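Q:
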């Protein structure tokens, strides 16, 4: 005659879910590193000026 | 076609047992820039194309 109430499991959530931002900081650092240009846009140049 | 590399040689047990010599041969490459001195590739002018 009443709507059943559903909640979380018996075990606490935090022990399983945990919290450690090392992965996301690693991703952000990798993205910031890749933001700078790493390829060459002057092929067949020889960018050494004459002495 | 040095009259030595194209001369037939029988097996080692026959009268002709000379081995075909190993040496260096040169082949010029006929290209548009190689055909005339007035036509030369401006590598200094082309810093964006790889040849």
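Residue numbers (the entry's author numbering), protein chains in the order written: chain y2, 155 to 205; chain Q1, 156 to 206. Positions of the beta carbon are idealized from the N, C-alpha and C atoms, including for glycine.
Could you tell me the alpha carbon to alpha carbon distance between residue 205 (chain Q1) and residue 204 (chain y2), rounded to whole angstroms?
A: The straight-line gap from Cα to Cα measures roughly 21 Å.
Q: Check whether the Cβ of residue 203 (chain y2) lies closer than 9 Å to any Cβ atom in chain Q1.
A: False, the Cβ-Cβ gap to chain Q1 never drops below 9 Å.
Q: For chain y2, find out if any of its Cβ atoms is closer than 9 Å to the Cβ of residue 201 (chain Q1); answer yes or no.
A: By this cut-off, residue 201 (chain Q1) is an interface position.
Q: Between residue 196 (chain y2) and chain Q1, is the shortest Cβ-Cβ distance under 9 Å, so that the two count as touching?
A: Residue 196 (chain y2) counts as touching chain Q1.
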